[PDB]
$ cat input_23.cif   # mmCIF, C-alpha atoms
data_target
loop_
_atom_site.group_PDB
_atom_site.id
_atom_site.type_symbol
_atom_site.label_atom_id
_atom_site.label_comp_id
_atom_site.auth_asym_id
_atom_site.auth_seq_id
_atom_site.Cartn_x
_atom_site.Cartn_y
_atom_site.Cartn_z
ATOM 1 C CA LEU A 1 -0.321 11.750 18.849
ATOM 2 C CA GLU A 2 -1.456 8.729 20.856
ATOM 3 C CA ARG A 3 -4.681 8.469 18.908
ATOM 4 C CA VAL A 4 -2.858 8.685 15.592
ATOM 5 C CA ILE A 5 -0.462 5.963 16.711
ATOM 6 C CA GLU A 6 -3.174 3.551 17.728
ATOM 7 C CA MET A 7 -5.116 4.427 14.596
ATOM 8 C CA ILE A 8 -2.128 3.444 12.467
ATOM 9 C CA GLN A 9 -1.724 0.343 14.609
ATOM 10 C CA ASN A 10 -5.238 -0.964 14.122
ATOM 11 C CA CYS A 11 -5.061 -0.319 10.401
ATOM 12 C CA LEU A 12 -1.828 -2.257 10.371
ATOM 13 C CA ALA A 13 -3.693 -4.801 12.487
ATOM 14 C CA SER A 14 -6.223 -4.967 9.668
ATOM 15 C CA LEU A 15 -3.784 -5.537 6.848
ATOM 16 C CA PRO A 16 -2.288 -9.049 7.463
ATOM 17 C CA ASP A 17 -5.890 -10.055 8.196
ATOM 18 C CA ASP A 18 -6.462 -9.144 4.563
ATOM 19 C CA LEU A 19 -3.240 -11.002 3.733
ATOM 20 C CA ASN B 1 8.435 28.511 31.140
ATOM 21 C CA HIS B 2 11.760 27.544 29.580
ATOM 22 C CA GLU B 3 11.239 23.936 30.661
ATOM 23 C CA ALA B 4 7.686 23.888 29.300
ATOM 24 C CA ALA B 5 8.976 25.308 26.014
ATOM 25 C CA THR B 6 11.557 22.548 25.556
ATOM 26 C CA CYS B 7 9.006 19.884 26.503
ATOM 27 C CA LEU B 8 6.551 21.183 23.911
ATOM 28 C CA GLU B 9 9.378 21.228 21.366
ATOM 29 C CA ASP B 10 10.202 17.570 22.041
ATOM 30 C CA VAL B 11 6.623 16.378 21.597
ATOM 31 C CA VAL B 12 6.349 18.427 18.388
ATOM 32 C CA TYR B 13 9.558 16.830 17.099
ATOM 33 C CA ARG B 14 8.269 13.289 17.673
ATOM 34 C CA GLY B 15 4.983 14.146 15.973
ATOM 35 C CA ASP B 16 6.799 15.705 13.031
ATOM 36 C CA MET B 17 8.918 12.605 12.440
ATOM 37 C CA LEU B 18 5.877 10.330 12.606
ATOM 38 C CA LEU B 19 3.981 12.597 10.211
ATOM 39 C CA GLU B 20 6.758 12.654 7.640
ATOM 40 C CA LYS B 21 6.992 8.859 7.744
ATOM 41 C CA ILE B 22 3.252 8.258 7.257
ATOM 42 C CA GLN B 23 3.174 10.934 4.551
ATOM 43 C CA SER B 24 5.950 9.267 2.550
ATOM 44 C CA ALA B 25 4.276 5.879 2.972
ATOM 45 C CA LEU B 26 0.994 7.208 1.598
ATOM 46 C CA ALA B 27 2.847 8.804 -1.312
ATOM 47 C CA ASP B 28 4.441 5.452 -2.158
ATOM 48 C CA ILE B 29 1.054 3.703 -2.078
ATOM 49 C CA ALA B 30 -0.305 6.348 -4.445
ATOM 50 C CA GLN B 31 2.681 5.948 -6.784
ATOM 51 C CA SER B 32 2.208 2.182 -6.925
ATOM 52 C CA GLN B 33 -1.527 2.447 -7.535
ATOM 53 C CA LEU B 34 -1.015 4.936 -10.354
ATOM 54 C CA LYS B 35 1.762 2.847 -11.904
ATOM 55 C CA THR B 36 -0.405 -0.286 -11.951
ATOM 56 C CA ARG B 37 -3.152 1.792 -13.643
ATOM 57 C CA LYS C 1 -21.437 -24.941 -34.529
ATOM 58 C CA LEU C 2 -22.621 -21.345 -34.198
ATOM 59 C CA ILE C 3 -23.664 -22.095 -30.599
ATOM 60 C CA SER C 4 -20.149 -23.421 -30.047
ATOM 61 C CA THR C 5 -18.743 -20.221 -31.553
ATOM 62 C CA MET C 6 -20.602 -18.328 -28.757
ATOM 63 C CA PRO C 7 -18.418 -19.305 -25.662
ATOM 64 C CA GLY C 8 -16.435 -16.152 -24.840
ATOM 65 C CA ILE C 9 -12.960 -16.082 -26.425
ATOM 66 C CA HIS C 10 -12.115 -13.671 -29.220
ATOM 67 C CA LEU C 11 -8.503 -12.548 -28.958
ATOM 68 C CA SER C 12 -5.594 -14.406 -30.473
ATOM 69 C CA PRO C 13 -3.876 -16.769 -27.981
ATOM 70 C CA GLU C 14 -0.847 -14.481 -27.939
ATOM 71 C CA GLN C 15 -3.121 -11.758 -26.563
ATOM 72 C CA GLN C 16 -4.485 -14.211 -23.998
ATOM 73 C CA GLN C 17 -0.891 -14.925 -22.955
ATOM 74 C CA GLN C 18 -0.130 -11.193 -22.665
ATOM 75 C CA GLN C 19 -3.208 -10.625 -20.504
ATOM 76 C CA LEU C 20 -2.404 -13.600 -18.272
ATOM 77 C CA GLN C 21 1.204 -12.483 -17.747
ATOM 78 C CA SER C 22 0.223 -8.870 -17.020
ATOM 79 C CA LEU C 23 -2.403 -9.926 -14.499
ATOM 80 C CA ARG C 24 0.068 -12.295 -12.812
ATOM 81 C CA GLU C 25 2.537 -9.425 -12.445
ATOM 82 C CA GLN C 26 -0.251 -7.225 -11.047
ATOM 83 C CA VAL C 27 -1.183 -9.712 -8.312
ATOM 84 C CA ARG C 28 2.510 -10.195 -7.494
ATOM 85 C CA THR C 29 3.271 -6.491 -7.066
ATOM 86 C CA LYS C 30 0.089 -5.797 -5.095
ATOM 87 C CA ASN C 31 0.826 -8.659 -2.703
ATOM 88 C CA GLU C 32 4.394 -7.397 -2.355
ATOM 89 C CA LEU C 33 3.247 -3.860 -1.501
ATOM 90 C CA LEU C 34 0.719 -5.111 1.030
ATOM 91 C CA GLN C 35 3.401 -7.318 2.565
ATOM 92 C CA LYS C 36 5.757 -4.317 2.750
ATOM 93 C CA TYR C 37 3.189 -2.375 4.726
ATOM 94 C CA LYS C 38 2.442 -5.467 6.787
ATOM 95 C CA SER C 39 6.083 -5.553 7.847
ATOM 96 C CA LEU C 40 6.774 -1.796 8.030
ATOM 97 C CA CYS C 41 5.734 0.215 11.061
ATOM 98 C CA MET C 42 6.462 3.920 10.646
ATOM 99 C CA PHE C 43 6.150 4.273 14.408
ATOM 100 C CA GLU C 44 8.289 2.083 16.625
#
$ encode --input "input_23.cif" --output "structure tokens"
Amino acid sequence: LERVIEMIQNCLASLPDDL
Amino acid sequence: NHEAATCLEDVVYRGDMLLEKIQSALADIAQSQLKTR
Amino acid sequence: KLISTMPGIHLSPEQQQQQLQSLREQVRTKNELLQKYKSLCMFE
């Protein structure tokens, strides 16, 4: 669960960096 | 064993809610990408 | 004059307008979706 959470987080951390 | 059962149930519940949310989000991304076409 | 018929435009200008409007709407909706998922965290 923790890994999935941080996975989602870093992908969200990627997306404004595309924006 | 009763206490361990309820604890396992709680962690499963949190994981289930998170899974349903990410699943619906991915479905909406797929709907948008197919509608743009 | 033939060499100046070469450029790269062939559609009627109405069709150019249609393409430009559709592509503007595409960039708008894609930026809006990406902003939605920028703002939305499924987790807390």
$ closest_atom_pairs --input "input_23.cif" --of "chain B" --to "chain C" --cutoff "8 Å" --atoms "only C-alpha atoms" --output "CSV"
residue,atom,partner,partner_atom,distance
B:18,CA,C:43,CA,6.3
B:21,CA,C:42,CA,5.8
B:22,CA,C:42,CA,6.4
B:29,CA,C:33,CA,7.9
B:36,CA,C:26,CA,7.0
$ resolve_selection --input "input_23.cif" --expression "the PyMOL selection byres ((chain A) within 9 of (chain B))" --output "ChimeraX atom specification"
/A:1,5,8
$ atom_distance --input "input_23.cif" --atom1 "atom CA of residue 15 of chain A" --atom2 "atom CA of residue 23 of chain C"
21.8 Å
$ interface_residues --input "input_23.cif" --of "chain A" --to "chain C" --cutoff "10 Å" --atoms "all atoms listed in the file" --output "PDB file with C-alpha atoms, keeping the file's coordinate frame"
ATOM      1  CA  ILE A   5      -0.462   5.963  16.711  1.00  0.00           C
ATOM      2  CA  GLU A   6      -3.174   3.551  17.728  1.00  0.00           C
ATOM      3  CA  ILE A   8      -2.128   3.444  12.467  1.00  0.00           C
ATOM      4  CA  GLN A   9      -1.724   0.343  14.609  1.00  0.00           C
ATOM      5  CA  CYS A  11      -5.061  -0.319  10.401  1.00  0.00           C
ATOM      6  CA  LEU A  12      -1.828  -2.257  10.371  1.00  0.00           C
ATOM      7  CA  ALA A  13      -3.693  -4.801  12.487  1.00  0.00           C
ATOM      8  CA  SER A  14      -6.223  -4.967   9.668  1.00  0.00           C
ATOM      9  CA  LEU A  15      -3.784  -5.537   6.848  1.00  0.00           C
ATOM     10  CA  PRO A  16      -2.288  -9.049   7.463  1.00  0.00           C
ATOM     11  CA  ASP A  17      -5.890 -10.055   8.196  1.00  0.00           C
ATOM     12  CA  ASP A  18      -6.462  -9.144   4.563  1.00  0.00           C
ATOM     13  CA  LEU A  19      -3.240 -11.002   3.733  1.00  0.00           C
TER      14      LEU A  19
END
$ atom_distance --input "input_23.cif" --atom1 "atom CA of residue 31 of chain B" --atom2 "atom CA of residue 2 of chain A"
28.1 Å
$ atom_distance --input "input_23.cif" --atom1 "atom CA of residue 16 of chain C" --atom2 "atom CA of residue 30 of chain B"
28.7 Å
$ axis_aligned_box --input "input_23.cif" --around "segment 3-22 of chain C" --padding-each-side "8 Å" --output "AutoDock Vina command-line options"
--center_x -11.2 --center_y -16.1 --center_z -24.3 --size_x 40.9 --size_y 30.6 --size_z 30.5
$ build_atoms --input "input_23.cif" --residues "chain A" --atoms "N, CA, C and O atoms" --output "PDB file, in the coordinates of the input"
ATOM      1  N   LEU A   1      -1.399  12.609  19.307  1.00  0.00           N
ATOM      2  CA  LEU A   1      -0.321  11.750  18.849  1.00  0.00           C
ATOM      3  C   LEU A   1      -0.630  10.306  19.178  1.00  0.00           C
ATOM      4  O   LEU A   1      -0.592   9.446  18.283  1.00  0.00           O
ATOM      5  N   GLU A   2      -1.120  10.073  20.408  1.00  0.00           N
ATOM      6  CA  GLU A   2      -1.456   8.729  20.856  1.00  0.00           C
ATOM      7  C   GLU A   2      -2.547   8.144  19.993  1.00  0.00           C
ATOM      8  O   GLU A   2      -2.406   7.016  19.496  1.00  0.00           O
ATOM      9  N   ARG A   3      -3.562   8.961  19.689  1.00  0.00           N
ATOM     10  CA  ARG A   3      -4.681   8.469  18.908  1.00  0.00           C
ATOM     11  C   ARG A   3      -4.222   8.105  17.514  1.00  0.00           C
ATOM     12  O   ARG A   3      -4.527   7.003  17.032  1.00  0.00           O
ATOM     13  N   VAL A   4      -3.344   8.938  16.939  1.00  0.00           N
ATOM     14  CA  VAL A   4      -2.858   8.685  15.592  1.00  0.00           C
ATOM     15  C   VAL A   4      -2.073   7.394  15.567  1.00  0.00           C
ATOM     16  O   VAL A   4      -2.319   6.531  14.709  1.00  0.00           O
ATOM     17  N   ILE A   5      -1.280   7.164  16.629  1.00  0.00           N
ATOM     18  CA  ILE A   5      -0.462   5.963  16.711  1.00  0.00           C
ATOM     19  C   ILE A   5      -1.346   4.737  16.741  1.00  0.00           C
ATOM     20  O   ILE A   5      -1.210   3.849  15.889  1.00  0.00           O
ATOM     21  N   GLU A   6      -2.377   4.758  17.596  1.00  0.00           N
ATOM     22  CA  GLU A   6      -3.174   3.551  17.728  1.00  0.00           C
ATOM     23  C   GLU A   6      -4.029   3.374  16.493  1.00  0.00           C
ATOM     24  O   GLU A   6      -4.260   2.235  16.062  1.00  0.00           O
ATOM     25  N   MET A   7      -4.371   4.497  15.843  1.00  0.00           N
ATOM     26  CA  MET A   7      -5.116   4.427  14.596  1.00  0.00           C
ATOM     27  C   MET A   7      -4.307   3.694  13.559  1.00  0.00           C
ATOM     28  O   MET A   7      -4.758   2.665  13.043  1.00  0.00           O
ATOM     29  N   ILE A   8      -3.031   4.092  13.410  1.00  0.00           N
ATOM     30  CA  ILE A   8      -2.128   3.444  12.467  1.00  0.00           C
ATOM     31  C   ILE A   8      -1.995   1.975  12.812  1.00  0.00           C
ATOM     32  O   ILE A   8      -2.170   1.104  11.942  1.00  0.00           O
ATOM     33  N   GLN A   9      -1.928   1.694  14.124  1.00  0.00           N
ATOM     34  CA  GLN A   9      -1.724   0.343  14.609  1.00  0.00           C
ATOM     35  C   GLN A   9      -2.879  -0.557  14.210  1.00  0.00           C
ATOM     36  O   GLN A   9      -2.660  -1.623  13.620  1.00  0.00           O
ATOM     37  N   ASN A  10      -4.117  -0.072  14.385  1.00  0.00           N
ATOM     38  CA  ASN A  10      -5.238  -0.964  14.122  1.00  0.00           C
ATOM     39  C   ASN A  10      -5.411  -1.158  12.629  1.00  0.00           C
ATOM     40  O   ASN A  10      -5.796  -2.243  12.178  1.00  0.00           O
ATOM     41  N   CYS A  11      -5.011  -0.151  11.844  1.00  0.00           N
ATOM     42  CA  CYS A  11      -5.061  -0.319  10.401  1.00  0.00           C
ATOM     43  C   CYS A  11      -3.993  -1.291   9.960  1.00  0.00           C
ATOM     44  O   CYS A  11      -4.234  -2.142   9.096  1.00  0.00           O
ATOM     45  N   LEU A  12      -2.826  -1.230  10.606  1.00  0.00           N
ATOM     46  CA  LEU A  12      -1.828  -2.257  10.371  1.00  0.00           C
ATOM     47  C   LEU A  12      -2.328  -3.589  10.889  1.00  0.00           C
ATOM     48  O   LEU A  12      -2.135  -4.616  10.239  1.00  0.00           O
ATOM     49  N   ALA A  13      -3.107  -3.567  11.974  1.00  0.00           N
ATOM     50  CA  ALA A  13      -3.693  -4.801  12.487  1.00  0.00           C
ATOM     51  C   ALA A  13      -4.757  -5.337  11.540  1.00  0.00           C
ATOM     52  O   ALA A  13      -5.134  -6.507  11.616  1.00  0.00           O
ATOM     53  N   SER A  14      -5.254  -4.490  10.641  1.00  0.00           N
ATOM     54  CA  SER A  14      -6.223  -4.967   9.668  1.00  0.00           C
ATOM     55  C   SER A  14      -5.542  -5.616   8.472  1.00  0.00           C
ATOM     56  O   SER A  14      -6.155  -6.433   7.776  1.00  0.00           O
ATOM     57  N   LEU A  15      -4.285  -5.256   8.193  1.00  0.00           N
ATOM     58  CA  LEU A  15      -3.784  -5.537   6.848  1.00  0.00           C
ATOM     59  C   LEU A  15      -3.273  -6.968   6.654  1.00  0.00           C
ATOM     60  O   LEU A  15      -3.588  -7.558   5.604  1.00  0.00           O
ATOM     61  N   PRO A  16      -2.495  -7.589   7.574  1.00  0.00           N
ATOM     62  CA  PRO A  16      -2.288  -9.049   7.463  1.00  0.00           C
ATOM     63  C   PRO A  16      -3.557  -9.879   7.558  1.00  0.00           C
ATOM     64  O   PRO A  16      -3.584 -11.010   7.060  1.00  0.00           O
ATOM     65  N   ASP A  17      -4.609  -9.362   8.201  1.00  0.00           N
ATOM     66  CA  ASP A  17      -5.890 -10.055   8.196  1.00  0.00           C
ATOM     67  C   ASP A  17      -6.539 -10.011   6.818  1.00  0.00           C
ATOM     68  O   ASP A  17      -7.417 -10.828   6.510  1.00  0.00           O
ATOM     69  N   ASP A  18      -6.138  -9.053   5.979  1.00  0.00           N
ATOM     70  CA  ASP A  18      -6.462  -9.144   4.563  1.00  0.00           C
ATOM     71  C   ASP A  18      -5.481 -10.060   3.843  1.00  0.00           C
ATOM     72  O   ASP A  18      -5.837 -10.707   2.852  1.00  0.00           O
ATOM     73  N   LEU A  19      -4.252 -10.141   4.337  1.00  0.00           N
ATOM     74  CA  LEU A  19      -3.240 -11.002   3.733  1.00  0.00           C
ATOM     75  C   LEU A  19      -3.291 -12.422   4.294  1.00  0.00           C
ATOM     76  O   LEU A  19      -2.371 -13.215   4.089  1.00  0.00           O
TER      77      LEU A  19
END
